[PDB]
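In the block that follows, a single chain appears as structure tokens, in the form deposited in one PDB entry.
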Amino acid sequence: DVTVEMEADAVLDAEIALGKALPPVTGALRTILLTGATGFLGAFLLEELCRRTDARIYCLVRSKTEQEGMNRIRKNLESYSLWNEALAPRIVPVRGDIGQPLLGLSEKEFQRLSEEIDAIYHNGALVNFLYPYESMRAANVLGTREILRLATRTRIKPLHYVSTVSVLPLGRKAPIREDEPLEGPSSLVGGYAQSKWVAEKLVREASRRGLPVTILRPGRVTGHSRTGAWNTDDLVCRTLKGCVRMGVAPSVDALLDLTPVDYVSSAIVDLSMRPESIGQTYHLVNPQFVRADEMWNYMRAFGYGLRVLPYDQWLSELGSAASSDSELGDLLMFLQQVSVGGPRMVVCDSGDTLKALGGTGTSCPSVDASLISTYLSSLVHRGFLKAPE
């Protein structure tokens, strides 16, 4: 059974522990390892870390050469308007693969990395909402294990771990608190949530053994609140486009979280810099929820017509439309996995985050007509959405 495998995989190897490793850096950080620089949140994390630290940022990247790796990283940041050529000296591509033993490094390379790196931001992961647990085991479970291995190899390296609110159970009335313990593995639906649950369990055990860690759980990470930068292969963009093209949207009961990526990246970096954050968990979600009917109002205001249907009737219309439209069919696959009220969605409390960030000026943008206009304007500009009539 999958929960058997999850429980077995959540046991952290005995040798991953402080042992005789040298103490963590207490002075200025010289070097930082970032995983996930070729992803969405990763692009913003990388640019932010360059702005807010003086460290060389080692970036794990799958590539045949270091130049190819640098090219992947540059193009990714370029796609979000985050690149400037002055960043290149700050970036050290590290050829490797989060889904491989030792992050894809030879024993010698791994040992060297274990000597050079002062701190780790682990944002690398395989995110696939269709695949089973076993498809993401290598990248999410073993990859996190190997990061924990690096963090305890040679000398201790603080770990700022990017998890997800999806490690939390659905169907709760009251907003889940940042300090509530994790439930059992059967509380989760889908391979992604399952793999991230196991990953966070490993990280929490390394914490219990003395590794300094921060656990950051982002909610639904949306577009940049000013530029509108947003990868269009995102399921949220997929869904919005589907509704626009069909001219109909669902009424759902769920409180909707939309958390702009610039808030998530700034909060991760801010929190990672606070010694008070060690051993702590933070919910990087929008403190202000929005209702679906409000979302559709904002989208109509931008200029898109949207009839509203009960979720089950909406899903039925999607099913019908999928007959002749393979893109709508693709969207349907995501939604047919698990009624009237629509899908359950996790609601989080973020009290500890709000407090920890109070003197920072790091604050989550509101979801309002203006934010949605910024988002839709960018999607139209980039050819993803047809401009409103």
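Residue numbers here begin at 1 and follow the sequence given.
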What number of residues from the deposited sequence go unmodelled in the gap from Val338 to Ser339, classed as none, 1 to 3, 4 to 9, or 10 or more?
4 to 9
If you average the CA temperature factors as listed in the entry, which stretch comes out higher, 25-33 or 352-360?
352-360
Is the mean CA B factor in the deposited entry higher across 69-77 or across 191-199?
69-77
Between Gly228, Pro260, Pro310, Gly219, which carries the biggest CA temperature factor in the record?
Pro310
Of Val346, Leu41, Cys59, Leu49, which one's C-alpha B factor is largest in the deposited record?
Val346
According to the PDB entry, is the CA B factor of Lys108 in the bottom, middle or top third of its chain, that is, lowest, middle or highest?
middle
Can you tell me whether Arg145 has a C-alpha B-factor in the lowest, middle or highest third compared with the other modelled residues of the same chain?
lowest
Quick check on the deposited entry: does the C-alpha B-factor of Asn297 sit in the lowest, middle or highest third of its chain?
lowest
Considering only modelled residues of the same chain, in which third does the CA B-factor of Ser114 rank: lowest, middle or highest?
lowest
Test of reading the entry: by CA B factor among the chain's modelled residues, which third contains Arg155?
middle
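In what follows, reference is made to the form deposited with a small molecule bound, a form of this protein that is not presented.
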Any chance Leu168, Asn286 and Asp349 all have a heavy atom within 4.5 Å of the small molecule in the deposited bound form?
no
Partner proximity in the deposited bound form: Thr152 to the small molecule, non-hydrogen atom cutoff 4.5 Å:
no
Is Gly42 near the small molecule? Define near as a heavy atom within 4.5 Å, in the deposited bound form.
yes
In the deposited bound form, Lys196 touching the small molecule (heavy atom, 4.5 Å):
yes
Would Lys201 count as touching the small molecule in the deposited bound form under a 4.5 Å heavy atom rule?
no
Counting only heavy atoms and a 4.5 Å cutoff, which of 244-252, 219-227, 180-188, 289-297 contacts the small molecule in the deposited bound form?
219-227
State the residue from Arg62, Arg30, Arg52, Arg344 whose non-hydrogen atoms include one within 4.5 Å of the small molecule in the deposited bound form.
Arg62
Can you pick out, from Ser114, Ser266, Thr164, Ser207, the residue that has a heavy atom within 4.5 Å of the small molecule in the deposited bound form?
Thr164
